[PDB]
Amino acid sequence: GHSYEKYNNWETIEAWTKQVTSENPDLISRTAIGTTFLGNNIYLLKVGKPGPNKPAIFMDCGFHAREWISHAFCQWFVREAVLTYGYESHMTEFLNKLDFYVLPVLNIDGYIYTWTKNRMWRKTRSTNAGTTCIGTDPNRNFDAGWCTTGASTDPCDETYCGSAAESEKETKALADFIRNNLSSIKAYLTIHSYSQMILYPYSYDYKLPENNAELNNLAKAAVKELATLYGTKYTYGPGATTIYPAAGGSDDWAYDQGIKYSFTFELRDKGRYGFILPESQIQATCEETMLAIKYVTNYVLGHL
Ligand SMILES: CC(C)[C@H](NC(=O)CCc1ccccc1)P(=O)(O)C[C@@H](CCCCCN)C(=O)O
Ligand SMILES: [Zn+2]
Ligand SMILES: [Zn+2]
């Protein structure tokens, strides 16, 4: 039984992708962009009313298995799109004019493992040469200063960069999807938790993107917007100096592909519950995050 106000296991979320697609055929279509290490389908939802030459925003959740509020958020975004389409002017305009690719869970194998065996697992569940230690950090696995700072070379470490950039089936599938759809994807959003932040490039070195001032202003206004609802305080800025250096990130990789609006979100909280954010915070967290995401979406729409 799926609920947007609880954490849903992978079987539930997978059935939800199919059902939400069936119930909303004018607004949603579903594809699989690849399969995981363990062979699970990586589903992707395309949310938007059909039309010609539509720009797109790409958003993924569930890079990191233990970050359950991330997975819940991508589901909430879809909830909002279908519920409010037609009644709320902004969401209606967004869906009419842009497509949203929502990838509800990238690291499906890790997610299953947090439900069955280890709530605090972060990495993929693939094997490594020369050791019994499992998995790669998918957010150290992209070809963006790959494996150079803030990433480990030890397969037993939580930030292990992998055997090569895109060595993981899941990160290969996401990078392939983005490469194949580069001319339409105008923004890349990647949802994580916790620590309450809106980050933009760069994390792989202490350097700033060409459109630094624009991304800084946008991130500042989006955090201001998020706080309107419950007063939740976010920080923002370039990854390396705002959270820590961390090479091989998907936001930096996406940005270096030419996608000018590339953000990583770090949802609630600031450490009281950390990864184990209680289900009773799902609603408030997703609602205030919707305000930031809609703010970014509206800006992208207005600055094509
Ligand atoms: C708690 C958050 C910050 C997660 N970080 C961790 O789980 C690493 C371990 C940790 C660090 C800080 C507090 C608690 C745990 P995260 O969401 O996974 C942070 C992201 C930040 C990457 C750099 C910015 C975007 N390129 C990551 O480490 O991949
Ligand atoms: Zn994360
Ligand atoms: Zn709402």
# chains A, B, ... in the order shown; residues from 1 in each chain; ligands from 1
$ residues_near_ligand --ligand "ligand 1" --cutoff "8 Å" --atoms "only C-alpha atoms and all ligand atoms" --output "mmCIF file with N, CA, C and O atoms, in the first residue's frame"
data_model
loop_
_atom_site.group_PDB
_atom_site.id
_atom_site.type_symbol
_atom_site.label_atom_id
_atom_site.label_comp_id
_atom_site.auth_asym_id
_atom_site.auth_seq_id
_atom_site.Cartn_x
_atom_site.Cartn_y
_atom_site.Cartn_z
ATOM 1 N N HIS A 64 21.716 7.941 -3.010
ATOM 2 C CA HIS A 64 22.327 7.357 -1.826
ATOM 3 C C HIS A 64 21.256 6.675 -1.031
ATOM 4 O O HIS A 64 20.236 7.269 -0.693
ATOM 5 N N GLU A 67 19.250 7.827 2.237
ATOM 6 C CA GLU A 67 18.648 9.162 2.227
ATOM 7 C C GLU A 67 17.168 9.141 1.857
ATOM 8 O O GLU A 67 16.801 9.729 0.870
ATOM 9 N N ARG A 122 24.924 3.383 1.948
ATOM 10 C CA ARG A 122 24.963 4.609 1.123
ATOM 11 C C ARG A 122 25.241 4.261 -0.348
ATOM 12 O O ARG A 122 24.610 4.820 -1.231
ATOM 13 N N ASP A 137 30.488 4.742 -4.562
ATOM 14 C CA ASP A 137 29.686 5.926 -4.239
ATOM 15 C C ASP A 137 29.248 6.514 -5.569
ATOM 16 O O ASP A 137 30.092 7.015 -6.313
ATOM 17 N N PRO A 138 27.918 6.460 -5.896
ATOM 18 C CA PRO A 138 27.560 6.893 -7.241
ATOM 19 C C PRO A 138 27.843 8.386 -7.456
ATOM 20 O O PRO A 138 28.035 8.836 -8.606
ATOM 21 N N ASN A 139 27.925 9.141 -6.344
ATOM 22 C CA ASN A 139 28.169 10.580 -6.488
ATOM 23 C C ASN A 139 29.640 10.874 -6.384
ATOM 24 O O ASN A 139 30.010 12.043 -6.194
ATOM 25 N N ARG A 140 30.485 9.832 -6.464
ATOM 26 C CA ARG A 140 31.874 10.003 -6.786
ATOM 27 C C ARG A 140 32.209 9.309 -8.123
ATOM 28 O O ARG A 140 33.380 9.220 -8.502
ATOM 29 N N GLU A 158 33.257 4.673 2.185
ATOM 30 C CA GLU A 158 31.937 5.142 1.829
ATOM 31 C C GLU A 158 31.925 6.134 0.644
ATOM 32 O O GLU A 158 30.889 6.348 0.041
ATOM 33 N N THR A 159 33.067 6.719 0.289
ATOM 34 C CA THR A 159 33.112 7.652 -0.856
ATOM 35 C C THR A 159 33.980 7.044 -2.003
ATOM 36 O O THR A 159 34.633 7.765 -2.785
ATOM 37 N N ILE A 191 18.560 15.269 -5.851
ATOM 38 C CA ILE A 191 18.067 15.417 -4.499
ATOM 39 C C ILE A 191 18.776 14.449 -3.500
ATOM 40 O O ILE A 191 18.806 13.229 -3.709
ATOM 41 N N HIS A 192 19.342 15.010 -2.418
ATOM 42 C CA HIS A 192 20.031 14.277 -1.361
ATOM 43 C C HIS A 192 19.525 14.742 -0.001
ATOM 44 O O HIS A 192 18.691 15.627 0.057
ATOM 45 N N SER A 193 19.980 14.070 1.078
ATOM 46 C CA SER A 193 19.833 14.577 2.450
ATOM 47 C C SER A 193 21.034 14.080 3.232
ATOM 48 O O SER A 193 21.759 13.249 2.719
ATOM 49 N N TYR A 194 21.299 14.572 4.448
ATOM 50 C CA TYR A 194 20.630 15.767 5.024
ATOM 51 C C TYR A 194 21.649 16.956 5.065
ATOM 52 O O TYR A 194 22.765 16.815 4.592
ATOM 53 N N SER A 195 21.206 18.111 5.577
ATOM 54 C CA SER A 195 21.977 19.249 6.122
ATOM 55 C C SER A 195 21.400 20.568 5.580
ATOM 56 O O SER A 195 21.954 21.663 5.856
ATOM 57 N N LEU A 199 23.149 23.529 -3.430
ATOM 58 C CA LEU A 199 24.577 23.613 -3.881
ATOM 59 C C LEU A 199 24.595 23.687 -5.404
ATOM 60 O O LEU A 199 23.678 23.208 -6.043
ATOM 61 N N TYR A 200 25.617 24.318 -5.962
ATOM 62 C CA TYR A 200 25.835 24.292 -7.393
ATOM 63 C C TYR A 200 27.359 24.120 -7.619
ATOM 64 O O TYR A 200 28.164 24.052 -6.647
ATOM 65 N N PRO A 201 27.777 23.947 -8.883
ATOM 66 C CA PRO A 201 29.178 23.608 -9.124
ATOM 67 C C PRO A 201 30.128 24.762 -8.634
ATOM 68 O O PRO A 201 29.686 25.928 -8.619
ATOM 69 N N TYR A 202 31.383 24.470 -8.277
ATOM 70 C CA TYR A 202 31.960 23.139 -8.387
ATOM 71 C C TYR A 202 32.307 22.496 -7.057
ATOM 72 O O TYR A 202 32.591 23.193 -6.087
ATOM 73 N N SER A 203 32.258 21.160 -7.032
ATOM 74 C CA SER A 203 32.721 20.359 -5.921
ATOM 75 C C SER A 203 34.037 19.663 -6.248
ATOM 76 O O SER A 203 34.727 19.235 -5.323
ATOM 77 N N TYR A 204 34.385 19.506 -7.528
ATOM 78 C CA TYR A 204 35.605 18.745 -7.808
ATOM 79 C C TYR A 204 36.881 19.527 -7.663
ATOM 80 O O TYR A 204 37.922 18.924 -7.546
ATOM 81 N N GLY A 239 29.507 23.832 -4.286
ATOM 82 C CA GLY A 239 29.710 22.654 -3.480
ATOM 83 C C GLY A 239 30.970 22.604 -2.617
ATOM 84 O O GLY A 239 30.898 22.286 -1.427
ATOM 85 N N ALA A 240 32.121 22.890 -3.215
ATOM 86 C CA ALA A 240 33.362 22.637 -2.523
ATOM 87 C C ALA A 240 33.481 23.453 -1.207
ATOM 88 O O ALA A 240 34.070 22.969 -0.240
ATOM 89 N N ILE A 243 29.700 22.686 1.204
ATOM 90 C CA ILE A 243 29.628 21.468 1.988
ATOM 91 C C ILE A 243 31.036 20.850 2.153
ATOM 92 O O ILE A 243 31.533 20.756 3.258
ATOM 93 N N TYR A 244 31.663 20.393 1.078
ATOM 94 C CA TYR A 244 33.102 19.932 1.145
ATOM 95 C C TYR A 244 33.520 19.592 -0.292
ATOM 96 O O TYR A 244 32.627 19.423 -1.167
ATOM 97 N N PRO A 245 34.831 19.529 -0.568
ATOM 98 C CA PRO A 245 35.199 19.062 -1.952
ATOM 99 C C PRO A 245 34.723 17.586 -2.155
ATOM 100 O O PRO A 245 34.722 16.774 -1.198
ATOM 101 N N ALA A 246 34.312 17.246 -3.368
ATOM 102 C CA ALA A 246 33.803 15.883 -3.598
ATOM 103 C C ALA A 246 33.786 15.702 -5.106
ATOM 104 O O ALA A 246 32.811 16.117 -5.750
ATOM 105 N N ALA A 247 34.882 15.177 -5.662
ATOM 106 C CA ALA A 247 34.989 14.936 -7.101
ATOM 107 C C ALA A 247 34.060 13.830 -7.588
ATOM 108 O O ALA A 247 33.697 12.936 -6.825
ATOM 109 N N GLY A 248 33.741 13.882 -8.887
ATOM 110 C CA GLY A 248 33.003 12.817 -9.567
ATOM 111 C C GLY A 248 31.517 12.988 -9.333
ATOM 112 O O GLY A 248 30.746 12.012 -9.365
ATOM 113 N N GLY A 249 31.080 14.217 -9.043
ATOM 114 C CA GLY A 249 29.666 14.416 -8.737
ATOM 115 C C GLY A 249 28.812 14.553 -9.984
ATOM 116 O O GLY A 249 29.282 15.092 -10.981
ATOM 117 N N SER A 250 27.532 14.133 -9.924
ATOM 118 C CA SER A 250 26.679 14.240 -11.130
ATOM 119 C C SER A 250 26.317 15.682 -11.503
ATOM 120 O O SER A 250 26.271 16.044 -12.675
ATOM 121 N N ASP A 251 26.088 16.526 -10.488
ATOM 122 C CA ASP A 251 25.845 17.973 -10.783
ATOM 123 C C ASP A 251 27.017 18.654 -11.526
ATOM 124 O O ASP A 251 26.781 19.393 -12.490
ATOM 125 N N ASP A 252 28.272 18.383 -11.124
ATOM 126 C CA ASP A 252 29.428 18.972 -11.805
ATOM 127 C C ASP A 252 29.573 18.414 -13.212
ATOM 128 O O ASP A 252 29.870 19.160 -14.172
ATOM 129 N N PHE A 263 21.868 21.875 -9.873
ATOM 130 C CA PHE A 263 21.848 21.979 -8.411
ATOM 131 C C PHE A 263 21.750 20.658 -7.721
ATOM 132 O O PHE A 263 21.069 19.731 -8.210
ATOM 133 N N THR A 264 22.375 20.558 -6.550
ATOM 134 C CA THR A 264 22.149 19.469 -5.616
ATOM 135 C C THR A 264 21.466 20.039 -4.406
ATOM 136 O O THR A 264 21.916 21.043 -3.830
ATOM 137 N N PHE A 265 20.373 19.413 -4.025
ATOM 138 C CA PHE A 265 19.600 19.763 -2.851
ATOM 139 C C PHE A 265 19.967 18.820 -1.705
ATOM 140 O O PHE A 265 20.099 17.590 -1.896
ATOM 141 N N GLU A 266 20.165 19.365 -0.493
ATOM 142 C CA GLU A 266 20.372 18.568 0.707
ATOM 143 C C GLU A 266 19.191 18.867 1.626
ATOM 144 O O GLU A 266 19.135 19.960 2.225
ATOM 145 N N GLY A 271 20.758 17.225 11.398
ATOM 146 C CA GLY A 271 21.528 16.222 12.112
ATOM 147 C C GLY A 271 20.840 15.624 13.320
ATOM 148 O O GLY A 271 21.339 14.667 13.881
ATOM 149 N N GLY A 274 19.073 13.186 11.135
ATOM 150 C CA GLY A 274 19.977 12.856 10.034
ATOM 151 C C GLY A 274 19.221 12.052 8.984
ATOM 152 O O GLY A 274 18.155 12.466 8.540
ATOM 153 N N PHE A 275 19.761 10.880 8.609
ATOM 154 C CA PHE A 275 19.167 9.996 7.582
ATOM 155 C C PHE A 275 17.863 9.375 7.999
ATOM 156 O O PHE A 275 17.005 9.054 7.153
#
$ residues_near_ligand --ligand "ligand 3" --cutoff "8 Å" --atoms "only C-alpha atoms and all ligand atoms" --output "number ranges by chain"
A: 80, 287, 290
$ write_last_selection --atoms "C-alpha atoms" --output "PDB file, in the first residue's frame"
ATOM      1  CA  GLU A  80       1.893  17.687  -6.736  1.00  0.00           C
ATOM      2  CA  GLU A 287       6.050  20.958   0.756  1.00  0.00           C
ATOM      3  CA  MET A 290       8.398  22.106  -3.622  1.00  0.00           C
TER       4      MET A 290
END
$ select_by_dssp --residues "range 67-150 of chain A" --states "helix (DSSP H, G or I)" --output "VMD selection string"
chain A and resid 68 to 84 89 to 97 108 to 116 138 to 140
$ atom_distance --atom1 "CA of residue 5 in chain A" --atom2 "CA of residue 33 in chain A"
27.1 Å
$ closest_residue --among "A:190, A:117, A:280, A:164" --to "residue 145 in chain A" --atoms "only C-alpha atoms"
A:164
$ closest_residue --among "A:100, A:84, A:76, A:261" --to "residue 29 in chain A" --atoms "only C-alpha atoms"
A:100
$ closest_residue --among "A:69, A:42, A:91, A:208" --to "ligand 2" --atoms "only C-alpha atoms and all ligand atoms"
A:69
$ closest_residue --among "A:61, A:187, A:215, A:82" --to "residue 49 in chain A" --atoms "only C-alpha atoms"
A:82
$ select_by_dssp --residues "range 52-201 of chain A" --states "strand (DSSP E or B)" --output "VMD selection string"
chain A and resid 56 to 60 99 to 103 152 160 185 to 192 197 to 200
$ write_last_selection --atoms "N, CA, C and O atoms" --output "short mmCIF file (atom, residue, chain, number, x, y, z; two decimals), in the first residue's frame"
data_model
loop_
_atom_site.label_atom_id
_atom_site.label_comp_id
_atom_site.auth_asym_id
_atom_site.auth_seq_id
_atom_site.Cartn_x
_atom_site.Cartn_y
_atom_site.Cartn_z
N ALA A 56 13.40 20.74 -21.15
CA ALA A 56 13.17 19.81 -20.06
C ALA A 56 14.07 20.15 -18.87
O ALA A 56 15.17 20.73 -19.03
N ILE A 57 13.58 19.72 -17.71
CA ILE A 57 14.32 19.69 -16.50
C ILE A 57 14.46 18.22 -16.03
O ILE A 57 13.48 17.46 -16.02
N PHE A 58 15.67 17.84 -15.61
CA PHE A 58 15.89 16.51 -15.19
C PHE A 58 16.08 16.53 -13.68
O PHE A 58 16.92 17.28 -13.20
N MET A 59 15.38 15.67 -12.97
CA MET A 59 15.55 15.55 -11.51
C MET A 59 15.66 14.11 -11.10
O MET A 59 14.80 13.29 -11.46
N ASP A 60 16.68 13.77 -10.31
CA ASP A 60 16.77 12.40 -9.75
C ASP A 60 16.82 12.46 -8.24
O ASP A 60 17.22 13.50 -7.64
N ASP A 99 8.98 19.62 -20.01
CA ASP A 99 8.86 18.26 -19.53
C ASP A 99 9.78 18.14 -18.35
O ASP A 99 10.88 18.73 -18.36
N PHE A 100 9.34 17.38 -17.35
CA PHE A 100 10.16 17.00 -16.19
C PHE A 100 10.45 15.55 -16.27
O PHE A 100 9.51 14.75 -16.31
N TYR A 101 11.73 15.19 -16.36
CA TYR A 101 12.14 13.79 -16.20
C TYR A 101 12.43 13.59 -14.75
O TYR A 101 13.36 14.24 -14.23
N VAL A 102 11.68 12.72 -14.10
CA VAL A 102 11.82 12.42 -12.69
C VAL A 102 12.26 10.98 -12.55
O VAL A 102 11.53 10.04 -12.94
N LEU A 103 13.44 10.82 -11.99
CA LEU A 103 13.96 9.51 -11.78
C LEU A 103 13.85 9.21 -10.29
O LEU A 103 14.76 9.66 -9.53
N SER A 152 37.43 8.57 -2.17
CA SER A 152 38.39 7.55 -1.78
C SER A 152 38.73 6.57 -2.92
O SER A 152 37.87 6.20 -3.75
N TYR A 160 34.07 5.72 -2.03
CA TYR A 160 34.82 5.04 -3.05
C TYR A 160 34.37 5.46 -4.46
O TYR A 160 33.18 5.44 -4.76
N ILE A 185 17.48 19.11 -22.40
CA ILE A 185 17.58 19.23 -20.93
C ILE A 185 18.29 20.55 -20.59
O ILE A 185 19.50 20.71 -20.93
N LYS A 186 17.53 21.48 -19.97
CA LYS A 186 18.04 22.79 -19.65
C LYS A 186 18.52 22.93 -18.17
O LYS A 186 19.31 23.84 -17.86
N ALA A 187 18.08 22.03 -17.32
CA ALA A 187 18.43 22.09 -15.89
C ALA A 187 18.57 20.69 -15.35
O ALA A 187 17.81 19.81 -15.73
N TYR A 188 19.47 20.51 -14.40
CA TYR A 188 19.69 19.23 -13.77
C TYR A 188 19.53 19.42 -12.27
O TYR A 188 20.24 20.24 -11.67
N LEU A 189 18.60 18.70 -11.66
CA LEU A 189 18.41 18.76 -10.18
C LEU A 189 18.66 17.42 -9.51
O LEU A 189 18.12 16.42 -9.97
N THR A 190 19.47 17.34 -8.45
CA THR A 190 19.72 16.05 -7.84
C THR A 190 19.44 16.10 -6.34
O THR A 190 19.99 16.94 -5.64
N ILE A 191 18.56 15.27 -5.85
CA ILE A 191 18.07 15.42 -4.50
C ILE A 191 18.78 14.45 -3.50
O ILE A 191 18.81 13.23 -3.71
N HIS A 192 19.34 15.01 -2.42
CA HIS A 192 20.03 14.28 -1.36
C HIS A 192 19.53 14.74 0.00
O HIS A 192 18.69 15.63 0.06
N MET A 197 20.67 22.40 2.30
CA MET A 197 21.57 23.23 1.46
C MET A 197 21.05 23.19 0.02
O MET A 197 20.42 22.20 -0.40
N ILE A 198 21.34 24.25 -0.72
CA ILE A 198 21.20 24.26 -2.18
C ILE A 198 22.58 24.50 -2.75
O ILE A 198 23.14 25.56 -2.55
N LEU A 199 23.15 23.53 -3.43
CA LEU A 199 24.58 23.61 -3.88
C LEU A 199 24.60 23.69 -5.40
O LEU A 199 23.68 23.21 -6.04
N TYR A 200 25.62 24.32 -5.96
CA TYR A 200 25.84 24.29 -7.39
C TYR A 200 27.36 24.12 -7.62
O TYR A 200 28.16 24.05 -6.65
#
$ residues_around --residues "residue 288 in chain A" --least-positions-apart "3" --cutoff "8 Å" --atoms "only C-alpha atoms" --output "list in words"
residues 226, 227, 228, 229, 230, 284, 285, 291 and 292 of chain A
$ write_last_selection --atoms "C-alpha atoms" --output "compact mmCIF listing (two decimals), in the first residue's frame"
# COMPACT_ATOMS: atom_id res chain seq x y z
CA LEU A 226 11.82 27.62 0.88
CA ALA A 227 11.95 29.41 4.27
CA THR A 228 8.65 31.18 3.68
CA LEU A 229 6.64 28.14 4.58
CA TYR A 230 8.00 26.88 7.98
CA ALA A 284 6.50 19.57 5.71
CA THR A 285 9.87 18.70 4.16
CA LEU A 291 8.63 25.87 -3.20
CA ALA A 292 12.36 25.92 -4.01
$ atom_distance --atom1 "CA of residue 85 in chain A" --atom2 "CA of residue 70 in chain A"
22.6 Å
$ atom_distance --atom1 "CA of residue 13 in chain A" --atom2 "CA of residue 121 in chain A"
18.7 Å
